[PDB]
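Working notes, beginning with the structure itself.
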Amino acid sequence: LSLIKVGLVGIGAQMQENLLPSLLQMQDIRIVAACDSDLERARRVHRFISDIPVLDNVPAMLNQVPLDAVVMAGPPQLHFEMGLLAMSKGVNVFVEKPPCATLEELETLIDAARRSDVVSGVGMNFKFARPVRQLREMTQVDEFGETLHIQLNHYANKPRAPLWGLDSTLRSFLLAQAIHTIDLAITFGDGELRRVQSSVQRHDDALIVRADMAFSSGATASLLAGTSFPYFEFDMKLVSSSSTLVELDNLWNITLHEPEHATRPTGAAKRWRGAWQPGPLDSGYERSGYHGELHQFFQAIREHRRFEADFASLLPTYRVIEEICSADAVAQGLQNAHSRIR
Amino acid sequence: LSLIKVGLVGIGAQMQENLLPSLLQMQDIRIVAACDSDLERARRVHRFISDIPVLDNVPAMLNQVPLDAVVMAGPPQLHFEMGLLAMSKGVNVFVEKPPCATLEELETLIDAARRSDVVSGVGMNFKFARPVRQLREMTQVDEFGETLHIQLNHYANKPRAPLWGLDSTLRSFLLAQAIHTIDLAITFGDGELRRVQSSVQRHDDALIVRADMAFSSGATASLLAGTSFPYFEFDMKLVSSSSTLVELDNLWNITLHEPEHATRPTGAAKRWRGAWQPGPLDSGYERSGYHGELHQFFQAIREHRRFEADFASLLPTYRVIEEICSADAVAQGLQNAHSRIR
Amino acid sequence: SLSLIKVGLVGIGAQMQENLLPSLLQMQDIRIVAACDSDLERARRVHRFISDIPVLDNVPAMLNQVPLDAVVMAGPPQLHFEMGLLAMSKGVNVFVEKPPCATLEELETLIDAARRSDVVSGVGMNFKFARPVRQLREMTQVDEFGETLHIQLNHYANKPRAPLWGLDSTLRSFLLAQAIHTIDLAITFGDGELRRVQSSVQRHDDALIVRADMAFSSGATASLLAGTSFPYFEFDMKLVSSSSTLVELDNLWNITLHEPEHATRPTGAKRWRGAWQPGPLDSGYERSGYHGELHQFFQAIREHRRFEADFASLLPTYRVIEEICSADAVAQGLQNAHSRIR
Amino acid sequence: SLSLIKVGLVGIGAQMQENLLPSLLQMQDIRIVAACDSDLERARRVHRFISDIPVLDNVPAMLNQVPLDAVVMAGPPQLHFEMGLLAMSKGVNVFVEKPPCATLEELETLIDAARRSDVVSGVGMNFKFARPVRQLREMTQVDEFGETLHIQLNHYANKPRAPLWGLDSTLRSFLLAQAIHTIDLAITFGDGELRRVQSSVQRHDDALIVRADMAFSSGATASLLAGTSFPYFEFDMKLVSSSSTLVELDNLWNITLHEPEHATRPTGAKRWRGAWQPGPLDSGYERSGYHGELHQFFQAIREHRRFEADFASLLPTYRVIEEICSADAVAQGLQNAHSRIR
Ligand SMILES: NC(=O)c1ccc[n+]([C@@H]2O[C@H](COP(=O)([O-])OP(=O)(O)OC[C@H]3O[C@@H](n4cnc5c(N)ncnc54)[C@H](O)[C@@H]3O)[C@@H](O)[C@H]2O)c1
Ligand SMILES: NC(=O)c1ccc[n+]([C@@H]2O[C@H](COP(=O)([O-])OP(=O)(O)OC[C@H]3O[C@@H](n4cnc5c(N)ncnc54)[C@H](O)[C@@H]3O)[C@@H](O)[C@H]2O)c1
Ligand SMILES: NC(=O)c1ccc[n+]([C@@H]2O[C@H](COP(=O)([O-])OP(=O)(O)OC[C@H]3O[C@@H](n4cnc5c(N)ncnc54)[C@H](O)[C@@H]3O)[C@@H](O)[C@H]2O)c1
Ligand SMILES: NC(=O)c1ccc[n+]([C@@H]2O[C@H](COP(=O)([O-])OP(=O)(O)OC[C@H]3O[C@@H](n4cnc5c(N)ncnc54)[C@H](O)[C@@H]3O)[C@@H](O)[C@H]2O)c1
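Structure, rendered in structure tokens:
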């Protein structure tokens, strides 16, 4: 296969922990430049690949190094600005979430993606996580019937203050975290988003966000998310029209509840379920989705088709984010005037 | 202690499986009559206690046998009609849920309870279940802070048709099942019910009900319930203002997530939680709540105080049931006219 | 219908009050007609449930004054042994909590007395009658399970850490108070005569850890880990069969069953397994075995058949127990002899 | 900064491609400079990641033509043994997958060669370096844990069910392919010299079940259950300490830690325990041990120190392995001799 030539931007924590390692073990791709404002961070790639250029700004990299793609892991502002620059030069663009800070910015990125006709992508790794893929495959099987209801629980401890210079801690949380689980909702909903209701509770610097979504397919989704928890954890469920209930705990173990489940020593006795977890030595970046999201991005480049987590795919997710922030602004407003008056 | 004299009504399945066994091992109470339309069912109590009267109708029992209390496990219609009769005779009344079929009937029972000044009770065993009690005790402890959010998941497979001659399968499900988990919501909400939103999805003869509740205390509750599942199961969670998350799975095991949990061999290392489950030989009727609900009912009689699950305590639960049925009737109506027209 | 079996209770302490008595109280067609205890106030506790029945402070007096068909005892083995012989000579059926006696030779006297008297004798070997143990035993008798090759038993406790009932040995006390249960489970699943036993004990302060391996003529092997070197009582076990089936039972609660080629309808595959646990409202005394051990004991009386946990049934377990104590004393004798040699 | 360590790969089959190679590719400051395989097309698979580097179909040729500091092998023990001696005589550091050889006597030749050549030698004993095993080992070195009294190891597999690498024995093949890992864990936690070993093997068709017990001079005992009589590879282990602490590690994933007087802030008590598992996005090769085994091997090269899984470190495990095969052949010799006597 022809080698895909990749330039890296923002060699910080998520680049070093997850993306770079995935790229390093990724077939038929070559990393040919690294860029970071702090050039010493860029040179971290020399620990793996000697000699390749390190640059302190993206424009220099785009001008000196021939590239089929850039993979970026920085702030929304980086992804937005340089994202547009890279696309304007005909380079395919993969960025960590969030791709940008606003719906209107996303619409700008979408429009540029279409005009430049390049493959775009966002690092929505939950979508590509092996156990999530397995669940998605279940929804395609006849005996599962239809997905009626999706429940998502997404715990985190931060952010407890605004990020990237945004005024709002809620908007920061939605873009830093909930973006993942809202997108999972849109993914399993499978059909057009038809209604969104939501609410936000605050306590000190902590948040609990509840969002409910209905889809044209008839399916509903409910998300509990926030920063009022000790650490990042994630659990989801699916309820199907054939009375199948599927639970995925921590992207690790699956529990499958269905009428008339059996084992051979017992036959179909009341209350048997199926359970599944990985083997003890499960490793790499598939279970977590980093491998999958990059692999498919590159594939979409090879066959010049759409990448499933391109900018446009995020359109419904940004609408939900916007709606969650608008409703909260109204709620806050009313409560503030209430008090001001009483 | 003086012996409390108890008459039983409706010696069917739930009486034989749970209540009668709890009464039989209950200190200082005496069963002194059994009543059932099918006298052979009433005589099932002769398997345990010889000679005591068996009657085929409640009025006969109230006229011939001196009683401090009746415990009933039949249809709502039995509980309502004979409930009022027993109270009119100055007898304390314990009935299985549902105590009746409508808000207006509950209001009638409440008013009679107050006029007769007797102890009333409903067999809301989830409230009294040992693990639920443990959770409630946690909410009373300073380091827990306040309960911000309560999540309840209540799976069942039935009813898939209307019960007790009601027109509505939804109302049957709400009274047969969800009554338990809605009441748990009101219990942990602790404060006045301030808003209720809800939705009902149908598929064939199966239902998925989603209800959200907000309390004056600031706390919110979300319930997922229905008959679109293989068997009865129940999971709940609490999110507290101190970033404590508490999970109770199947009234069996508890998981307690909190900042800086430790073990002695490790110190407070990232991602340690507390877990708790009963010992292997856990038995009787405490874990499940049947013991507790009856014990406290009898106690309320001894000290002539209120029983915590008396008729009045169910007032907010019936309001939610009514609201869920009203909203569904509107939704159905609109969808029916939509089609009729298109 | 059925005739009432008349039962006297001896030893109204903790195990009588927590499990046995409650079980008896809900048992069809038996009457508790007398309670006997050294401490007449303990005997009187029955009056919380059943008025007027005679209380005695010694077994001889109860046997003279009250017509009885069976006694049920929960005291020390000295009481089980002596009063159990006395009740049997008067043609009374005898049920005793473990342990029935302190020594193998005692057990042999018991066995002999019970054969000559032609009464039903029984020991409260409740693990053996526990509903999930029954489910495990049932799989074992099914062709596709194949043969049971290996049985792993893990029995944890925190006591006794001092000798019991005036015995000299903390090891003998532990084996008689705790391990007896799991040694007997091993015999029960081994199914075949005991061919070989190896054991060892490790001591640390007042705590111990016993390991014992058993081989059976059926080819099956068993391995047991038990001691007091733990925080609390817990129990897990495993079965390995010749169809490559592994069955795990954790705390008499959940069952995991691993077998080649397990499936779900939505996935058709590797690493799928079966899981089972009771419903949330599981209650009474079946799961723990107290109900079944008693119910079978009474059935055996009515049908004049052998009760499966009679004194004889315990012979192999007391053999194992002797062999562990002998071996240990030799290991101890050596270590001490090695030391006064240094 | 650091000098680049130059690595040749030998044996580009499944374990090289799934774990070792990906680990090497993300390893700071090492360069893969050659790949060697009988099947040049397998060798060429490296070119999916690193262009142009020489491919050879034999180790001798690679050692002549390419300057190397270390080789990393993943082939049969015959290859590890012979080519491992060859690489060591040329002053090349040698890392090989298990097993490093087929026999104890081979291992001794390896140990001797490695001492004379003064190079770092190593075996891919990855369980030992697995992050959760490290956590367990760390608790063990902490005063309050007390001493480790007992170690229980359960190692399940479905293969091999036929002899491997032209060996005659399916038992030797299994011990060398699988149990080697868990025998070595036992040695590692036993901490003290091996005092005693007992074992037994049971056969059923083409499957086996090995039990082995080990005692150590530190007082610690170990008990291991391993075989092929199971659906799939799984692994769980337990530590019992003298502070009455029990630690369980299930499938290198979750840790349960039982200790007297555990607590939560909201409950202050009996039956509380600690639990731990990784976050949902846990990835790479640390958890499984491939990362750490390699990283330490390279660190040992740089510091010219001993690598903890060198050939010598494996001596006790190969001793155990011989003793299990000897014992088994005697047990077999007897059963057959008993039979031609019948
Ligand atoms: N999908 C996942 O699971 C998840 C996990 C972690 C973070 N993320 C995302 O990854 C991204 C990066 O976060 P991080 O935690 O590694 O933070 P970081 O501060 O450690 O890394 C960001 C890097 O970008 C660089 N950068 C900033 N602007 C630049 C510019 N104009 N040109 C070149 N370099 C520039 C920084 O100097 C830095 O080294 C985010 O958008 C974040 O939300 C994804
Ligand atoms: N709380 C729990 O967990 C839960 C579990 C099971 C059922 N319940 C409740 O228990 C109650 C009884 O249900 P059941 O399942 O045992 O059904 P059932 O049909 O088996 O028992 C009802 C009994 O009441 C009798 N009855 C009816 N009307 C009577 C009358 N006018 N006078 C005397 N007897 C009369 C019947 O003949 C019968 O034997 C309900 O209201 C039900 O919803 C509670
Ligand atoms: N493992 C289990 O299945 C379960 C658990 C605990 C106890 N056991 C068994 O039950 C028995 C009692 O245990 P416990 O924990 O309830 O202790 P306990 O405090 O209940 O003592 C039992 C009773 O027997 C009485 N007694 C002693 N000698 C008597 C005599 N000569 N005549 C009449 N009464 C006499 C005592 O006064 C006392 O009230 C034991 O043998 C024990 O191992 C069963
Ligand atoms: N348990 C674990 O930690 C993990 C798991 C599986 C395998 N292992 C070990 O890794 C090794 C290989 O296992 P595999 O499953 O990857 O099988 P495999 O299909 O990968 O075979 C390994 C490779 O070595 C090559 N080879 C054989 N002899 C050679 C020679 N003389 N010169 C050059 N190349 C030669 C083969 O052609 C082949 O491509 C074993 O010794 C095994 O036990 C590690």
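Line order of the protein sequences matches chains C, X, Y and F.
Heads up, the first sequence is in our numbering, so the first residue is 6 and it goes up one at a time.
Heads up, the second sequence is in our numbering, so the first residue is 6 and it goes up one at a time.
Heads up, the third sequence is in our numbering, so the first residue is 8 and it goes up one at a time.
Heads up, the fourth sequence is in our numbering, so the first residue is 8 and it goes up one at a time.
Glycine included, C-beta positions come from ideal geometry on N, C-alpha and C.
Measure the beta-carbon distance from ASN161/F to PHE242/F and round it to whole angstroms, keeping in mind my assumption that it falls under 8 Å. In the fourth sequence, residue 161/F corresponds to position 154, counting from 1. In the fourth sequence, residue 242/F corresponds to position 235, counting from 1. Contact holds; Cβ gap of about 7 Å.
Would you mind telling me which residues of chain Y sit closer than 8 Å to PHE237/F, beta carbon to beta carbon, in chain order? If you number the fourth sequence from 1, residue 237/F lands on position 230. Per Cβ cutoff of 8 Å: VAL247, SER251, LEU253, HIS265.
Selected residue, minimal CA-CA separation from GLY289/X, among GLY18/Y, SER10/Y, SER8/Y, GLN24/Y: Here residue 289/X corresponds to residue number 284 of the second sequence, with the count starting at 1. Just measuring C-alpha positions, the residue of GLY18/Y, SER10/Y, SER8/Y, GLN24/Y sitting nearest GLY289/X is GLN24/Y.
So is the beta-carbon of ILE19/Y under 7 Å away from any non-hydrogen atom of ligand 3? Here residue 19/Y refers to the residue found at position 12 of the third sequence. Flag set: Cβ of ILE19/Y near ligand 3.
How about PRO103/X: is its C-beta nearer than 8 Å to some C-beta of chain Y? Residue mapping note: residue 103/X aligns to position 98 of the second sequence, counting from 1. The Cβ of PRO103/X sits no closer than 8 Å to any Cβ of chain Y.
Short Cβ contact (8 Å threshold) for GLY79/C with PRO104/C: Your numbering for residue 79/C matches position 74 in the first sequence. Your numbering for residue 104/C matches position 99 in the first sequence. Not a contact, by the Cβ cut-off of 8 Å.
Please compile the residues from chain X whose C-beta is within a distance smaller than 7 Å of the C-beta of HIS185/C. By one-based count along the first sequence, residue 185/C stands at place 180. The premise fails here: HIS185/C is roughly 19 Å from chain X at the closest Cβ pair, so nothing lies under 7 Å.
Verify the CB distance criterion: does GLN156/X have a CB-CB separation below 8 Å to chain C? Counting from one through the second sequence, the residue named residue 156/X turns up at place 151. Yes - at least one Cβ of chain C is within 8 Å of the one on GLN156/X.
Would you grab the beta carbon distance between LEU156/F and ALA227/F for me? Rounded to a whole angstrom, and I think it's under 8 Å. For this step, residue 156/F is matched to residue 149 along the fourth sequence. For this step, residue 227/F is matched to residue 220 along the fourth sequence. Correct: roughly 6 Å between the Cβ atoms.
Could you tell me which chain C residues have their CB closer than 8 Å to the CB of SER227/X, listed as they occur along the chain? For the purposes of this step, residue 227/X is taken as residue 222 along the second sequence, with counting starting at 1. Within chain C, the residues near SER227/X are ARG215, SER227, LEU229.
Collapsed DSSP secondary structure at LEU156/Y in the structure displayed: By one-based count along the third sequence, residue 156/Y stands at place 149. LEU156/Y falls in the strand class under three-state DSSP.
Skipping 5 residues on each side, what residues in its chain have a beta carbon closer than 8 Å to that of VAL337/Y? Residue mapping note: residue 337/Y aligns to position 330 of the third sequence, counting from 1. Closer than 8 Å at the Cβ level, and outside the excluded window around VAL337/Y, lies no residue.
Check whether the Cβ atoms of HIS87/F and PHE134/F lie closer than 8 Å to each other. Stepping through the fourth sequence from its first residue, residue 87/F is reached at position 80. Stepping through the fourth sequence from its first residue, residue 134/F is reached at position 127. Cβ atoms of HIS87/F and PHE134/F: not closer than 8 Å.
Would you say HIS343/X faces chain C, with C-beta separation under 8 Å as the test? On the second sequence, residue 343/X is found 338 positions in, with the first residue counted as 1. Output row for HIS343/X: interface = no.
Is the beta carbon of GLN303/Y within less than 7 Å of some heavy atom of ligand 3? On the third sequence, position 296 is the one that residue 303/Y refers to. Answer for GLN303/Y: no, Cβ out of range of ligand 3.
So which of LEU182/F, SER224/F, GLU310/F, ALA137/F has the shortest CA-CA distance to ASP257/F? Taking the fourth sequence and counting its residues from 1, one reaches residue 257/F at position 250. Cα-wise, what sits closest to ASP257/F is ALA137/F.
Looking at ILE115/X: is its Cβ nearer than 8 Å to the Cβ of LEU320/X? Taking the first residue of the second sequence as position 1, residue 115/X is located at position 110. Taking the first residue of the second sequence as position 1, residue 320/X is located at position 315. Contact flag set, yes.
Quick check: does the Cβ of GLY82/F come within less than 7 Å of any heavy atom belonging to ligand 1? In the fourth sequence, the residue the question calls residue 82/F occupies position 75. Flag unset: Cβ of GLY82/F not near ligand 1.
Can you round the beta-carbon distance between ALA233/F and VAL327/F to whole angstroms, since I take them to be within the 8 Å contact cut? Against the fourth sequence, residue 233/F aligns to sequence position 226. Against the fourth sequence, residue 327/F aligns to sequence position 320. Not a contact, Cβ separation roughly 12 Å.
Start and end of the beta strand (DSSP E) containing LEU264/F? What you label residue 264/F is simply residue 257 of the fourth sequence in a count that begins at 1. First-last of the beta strand (DSSP E) with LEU264/F: 261-265.
Comparing C-alpha positions only, which one of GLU252/X, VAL214/X, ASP209/X sits nearest to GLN202/X? As a first step, residue 202/X is located in the second sequence; it is residue number 197 there, counting from the start. Of the listed residues, the one whose Cα sits closest to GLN202/X is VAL214/X.
Quick one: is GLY294/C buried, meaning 16 or more other Cβ sit within 10 Å of its Cβ, or exposed? Position 289 of the first sequence, counted from the start, is the residue given in the question as residue 294/C. Taking a 10 Å sphere around the C-beta of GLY294/C, we find 16 or more other C-beta atoms and assign the residue as buried.
From the DSSP output, which residues share a beta bridge with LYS245/Y? If you number the third sequence from 1, residue 245/Y lands on position 238. DSSP output for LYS245/Y lists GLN159/Y, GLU255/Y as bridge partner(s).
Got a sec: does ligand 3 put a non-hydrogen atom nearer than 7 Å to the Cβ of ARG49/Y? Along the third sequence, one-based indexing puts residue 49/Y at 42. Yes, the Cβ of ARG49/Y comes within 7 Å of a heavy atom of ligand 3.
Taking 7 Å as the cut-off, does the CB of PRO103/X come closer than this to any heavy atom belonging to ligand 2? Sequence index remark: in the second sequence, residue 103/X carries index 98 (1-based). The answer is yes for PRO103/X.
Can you find the residues in the same chain that come closer than 6 Å, C-beta to C-beta, to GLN159/Y, ignoring five residues on each side of it along the sequence? Counting from 1 along the third sequence, the entry for residue 159/Y is found at position 152. Answer for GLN159/Y: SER230, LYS245, listed in chain order.
How should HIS208/X be labelled, buried or exposed, when 16 other C-beta atoms within 10 angstroms of its C-beta is the threshold for buried? Here residue 208/X refers to the residue found at position 203 of the second sequence. When all chains shown are included, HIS208/X counts as buried.
Please confirm whether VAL17/F and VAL62/F have their CB atoms less than 8 Å apart. The count along the fourth sequence starts at 1 and reaches residue 17/F at position 10. The count along the fourth sequence starts at 1 and reaches residue 62/F at position 55. Cβ atoms of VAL17/F and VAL62/F: not closer than 8 Å.
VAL63/C beta carbon less than 8 Å from that of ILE57/C: Translated into the one-based positions of the first sequence, residue 57/C becomes position 52. Translated into the one-based positions of the first sequence, residue 63/C becomes position 58. Contact flag unset, no.
At the 8 Å Cβ level, is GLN32/X part of the contact set with chain Y, yes or no? Within the second sequence, residue 32/X is the residue found at index 27, counting from 1. With 8 Å as the cut-off, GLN32/X counts as an interface residue toward chain Y.
Chain F contacts from the region 264-290 of chain Y (Cβ-Cβ distance under 9 Å): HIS265, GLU266, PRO267, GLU268, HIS269, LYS277, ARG278, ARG280
Consider the Cβ of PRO321/X: report whether some Cβ of chain Y lies at a distance smaller than 8 Å. Looking up residue 321/X in the second sequence gives position 316. False, the Cβ-Cβ gap to chain Y never drops below 8 Å.
State buried or exposed for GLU45/X, treating a residue as buried only when at least 16 other CB atoms are found within 10 Å of its CB. As a working mapping, residue 45/X is identified with position 40 in the second sequence. So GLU45/X ends up on the exposed side.
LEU299/X versus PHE316/C - alpha carbon distance: Reading the second sequence from its first residue, position 294 is the one you call residue 299/X. Reading the first sequence from its first residue, position 311 is the one you call residue 316/C. Each residue's alpha carbon lies about 60 Å from the other.
Leaving out the 5 sequence neighbours to the left and right, which residues in its chain are closer than 7 Å to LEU32/F when beta-carbon positions are compared? In the fourth sequence, residue 32/F corresponds to position 25, counting from 1. Taken in chain order, the residues that qualify are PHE56.
Taking Cβ positions, are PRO238/Y and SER58/F nearer each other than 8 Å? Translated into positions along the third sequence, residue 238/Y becomes position 231. Translated into positions along the fourth sequence, residue 58/F becomes position 51. The answer is no: Cβ separation not under 8 Å.
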